[PDB]
Structure formats: C-alpha cells, structure tokens
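Scroll down for the structure; my scribbles are underneath it.
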Amino acid sequence: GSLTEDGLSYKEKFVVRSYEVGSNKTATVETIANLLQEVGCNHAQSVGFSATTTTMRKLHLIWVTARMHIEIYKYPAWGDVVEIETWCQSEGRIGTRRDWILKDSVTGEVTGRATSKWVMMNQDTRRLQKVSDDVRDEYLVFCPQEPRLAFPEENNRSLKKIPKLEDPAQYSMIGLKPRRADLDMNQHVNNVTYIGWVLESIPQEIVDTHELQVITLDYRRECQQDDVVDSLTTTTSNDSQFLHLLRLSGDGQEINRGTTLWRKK
Amino acid sequence: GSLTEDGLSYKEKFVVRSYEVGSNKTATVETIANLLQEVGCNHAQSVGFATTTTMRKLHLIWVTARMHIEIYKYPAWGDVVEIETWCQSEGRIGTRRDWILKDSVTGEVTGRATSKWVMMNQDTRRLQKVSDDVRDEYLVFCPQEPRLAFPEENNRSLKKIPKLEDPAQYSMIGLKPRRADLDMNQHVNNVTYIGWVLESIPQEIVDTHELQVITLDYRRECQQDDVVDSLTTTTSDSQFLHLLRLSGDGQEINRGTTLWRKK
Ligand SMILES: O=C(O)c1sccc1-n1cccc1
Ligand SMILES: O=C(O)c1sccc1-n1cccc1
C-alpha cells in the first residue's frame, strides 16, 4: 500500500483468500469490512498516527464509529485482486468521516464503496465531546480541503435516519456471544463482528437466493466480552429490505440498529 | 506465491494485518492456522487441483484427522512471514501436509506445522484406504524421499491423546458457529475448532503465557445448527488436556493438548 501523489488519500491491493469467501466463492461482506479496517489502519500509520493525535493521547480521547454504510455492486472472487482507496475528512466539531472506493484491479471499474462517521469519546468515562481546535488542526493537513464524497448523490442512503424495530420481530437469532477471535488488539469486540451478528437473523433462504447490496449500521453501545446479544430482523419491503436491531439478551439494552438491501441472484 | 524450482513444494509471503493480531500485537494461532489453509489451497491450485479427478468421480474427499502447530515467535502486525508447504503419501491410510514458517527479514524458523489427512466418502462419511489409481495421481507432486517438518524421534506430533474425565477443571458452554465460521461449502472451518478449544483456557493463563504447542484430533464434524461445549483440565510450563463435545448428548467432536510458556 501507499499514499497517492498528493498525500491526501491511500491505496492498497488485496488478493482474496480461500477462507475469506462464502458459498458463492466470492468475498463475504465481513471480509470486505475487515479489508476497510486494514487499509484504514495503514493510511493512519503512513502519516504519523498510531488514529489518535498527540493531543488525543494526552487527553485520553479516542475516535469511535457511529455509523458504517457499505454498498457492494460485485463481490470479488477467490484469487481476484481488489484495490481500495481511502481518505478522511473533517465534519466540523461533530467529528470526522472516512470514505472508501473499491475497484477491480484488472478492469479499473468500481465494484463497491463505503462511508463511515466517527465521533470523539473519552476512553475512560465513555463521554462524547465535540472536537477541539487543537485536535482538529493536527489532522486537517492529511484530509482534502475540498469535499470528496464516496456517496455524493442529492438523496443518498448513507444519511437516512434508522428507526427502532418493534417487538415482535419477524426473525431472530438468540444468545450470540463473542469469542477471543472477535476481539481486537485492545480486547474490545471488533466492529465487524456486529455486522456478522446483524446478518445472523436473516433467514438462510434469503441468503441462498439474494446477494447483499447495501448495509447501513448505527453503533450505539459496545458489547463487552462477557455480554450476550440478540439479533432481530423484520422485512420492510425484486428487492428485499430488512430492519435490524441488536440488543443485550438480558435487559434489552440497544447496541446497534441497521438496514440491509438485498437483490435476487 | 509460487512452487519452488523442483515443483515439489510451495512458498508464499504474507503481511500480518491489523485485525489479525491479539493483545500482544502479534498474530493469533487462528490467524496462523488460516494462513496454513491459504498456502495449502494455493499449492493445490498451482498443480492442477485437494480432490483428484478420480476422487470427484467416486465422491471422495480429503478430511483432517490431526493438526499439530508449534510456534517459537508469533509475527508482529506489519511483519512479513514466509510459509513453505509440501505433501507426502503415508501408504493406504492417507497423506500428510507439512509447513515451515519463517521470518522474511532474518530467514529464521519462527514456527512449524504438520497435519494428517484421510479419505472419506463425502455422502456416507465413511473412511477408506487410498486406492492405487488415486494414489498415483498425486504422487508426482510429493517428494519421494521423506521430508518431515517434525523429524525428531518420539515427537509431540505423534503422541496419543487421552479422553478428558468429567468433571473438567474449566469450561466454556453453549458455543455456536456463525456464518463467518463456515467455508465455501457451508461446513464449519477447521480453524473454528481451534478457537473453541482455546475458549475454555482461563484469561489469566492467556494474559501471562504464550501458546507454544497445540495438537488437535478431529473426530466428528459440528454441523451449522449444533451447540458445542469446550472442556479443559491442567495436566502439568502449563499443559492442558482439551475436549470438545456436543452440548446435548455429549458426543465427542475433538480432543487436544496445548503447551504454554510464561511470557
Ligand atoms: O472498526 C473500526 O475501528 C474500523 S477502522 C476502519 C473501519 C472500521 N470499521 C468500523 C466498522 C466496520 C469497520
Ligand atoms: O481445514 C482445512 O481444510 C485445512 S487446509 C490446510 C490446513 C487446514 N487446516 C485444518 C485444520 C486447521 C487448518
């Protein structure tokens, strides 16, 4: 991987692995979401981060994901090479945005795109806060100054408000627990696990006859290593649409809400 | 990746990814076991395949009976690890696949693995000796002289594993596979079982020790809708005896041993 000529974005190529593919012999949406993490971390490292700034580390401040929106046109096949380009952008005091473009290395065509929204949180108190100018000026030199949007469209799916699923749900997967392989290097549940957990309540018949096209996921609360999760889904719709809810098996505390769009194979 | 000059083994380099590392900022044993799958599949593909044309005609598949992994140094995030793999016949019982893991910068051996495979009818799940027609098809891709990742006489890779007695010292109950645990044929990926065995090791062992050796026997497959119990008892360096069984009737699916060194 490497930063582009202007040093305002980062590119990296990935060969799709044998264990990274599903039943259709193409990369899963969780494999893709992991590749977005890998290109994201390599972009931060190539510009001095390790992505907390000097001031964030001093104040015990971290960047946390509020929303992830992924849209896939063609999932890459096992053995194919996918090139991913990523960049960040400031959104005032609310936080930052990280976008991605996925391409076929052989054809140069766009096979997918993603956008994520990040907010600042105190690592210990878990309290959110608006970005301070001292922190803001530290990373503004690594972002483009003109708007560069993976989803520019006048009316796009990445900014839609997601409602809360009403009980009873149509489908459900109960008693989901994270294992050590679901944890990151800081012993927190990896954000991609939640994507997998949302998809767990989609019936196998939809999974076998449709391909996931769009997924929007809001992150409200973290699932701890010793928590149990319930995954709920209700059909809201040639296209299938679903409303999703992740909550703690006990009290029913919400951790995530989302929507998926699937098209017939 | 590529086959070596003699076309009797396969090499491939891997850069360790951010999501592939644990709390020590080094690759997990499950990440390593997945890299062994990837280099294994690329070796088969580069030589025409691990089912032969005769196996497909008879509905025969290769299944893992045993996996033995020994790690001296887990690679760090960003490091490049080079893996060399090769297969070898073991008569009529089956085949063996071995691996050597190295540091790309130093050339030193950082780990090694050996796995034992048997032939099974994919439909009846019945084991069988390898026929000569099948055997001759793949013998041209294996070295003719013995080439062993674990040559040492009376080594840990060939030891018999006993069955854990109830009550177990530690346990993790109600383990279920999710879609990300399945392979391209909707079967549970063999690496998931490794993760499930380690689930019953206490977090205090995990935080103070590093896994050095893991030997895992595969007896029965966990179906997508099965629930698993992971049992562990200390037998000792820390040594543990492991057992994976179905949450209901208690049917055995796996047994193993792990060896851990103080950090
Ligand atoms: O989880 C993270 O910290 C990172 S880093 C860049 C992408 C993501 N992400 C968030 C949701 C799914 C993937
Ligand atoms: O599972 C498989 O089919 C393959 S392919 C080569 C290595 C393995 N394996 C088996 C146990 C752990 C890894």
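Only this structure's heavy atoms are used, side chains among them; waters, hydrogens and symmetry mates stay out. Just so we're on the same page: letters track the sequence lines, and every chain starts at 1. In each ligand, atom 1 is the first atom listed, and ligand 1 is the first ligand listed.
Nearest to atom 7 (C) of ligand 1 among the protein's heavy atoms is A:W100 CZ2, 3.7 Å. The protein non-hydrogen atom at the shortest distance from atom 3 (O) of ligand 2 is B:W117 CH2, 3.4 Å. Protein heavy atom closest to atom 13 (C) of ligand 1, with residue, atom name and distance, is A:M68 CE, 3.4 Å. Closest to atom 10 (C) of ligand 2, if we only count protein heavy atoms, is B:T64 OG1, 3.4 Å. Of the protein's non-hydrogen atoms, the one nearest atom 11 (C) of ligand 2 is B:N190 CB, 3.4 Å.
By the 3.5 Å distance cut-off applied to N or O atoms, B:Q37 is counted among the residues near ligand 2.
Inter-residue side-chain proximity for B:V130 and B:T95 is flagged as unmet; no heavy-atom pair is nearer than 4.5 Å.
Residue-ligand proximity: A:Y19 is placed with every non-hydrogen atom at 4.0 Å or more from ligand 2.
With 3.5 Å as the limit, one finds a donor-acceptor pair spanning the side chains of A:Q253 and A:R221. Side-chain polar atoms of B:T26 and B:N24 form no donor-acceptor pair below 3.5 angstrom. Judged by distance alone, the side chains of B:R56 and B:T51 do bring a donor and an acceptor atom under 3.5 Å apart.
When each atom of ligand 2 is checked for a heavy atom of B:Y218 under 4.0 Å away, the hits are 11 (C).
Of all the heavy atoms in B:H68 and B:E70, the pair that sits closest is NE2-OE2, 2.9 Å.
Ring-centre distance between B:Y138 and B:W62: below the 6.0 Å cut-off.
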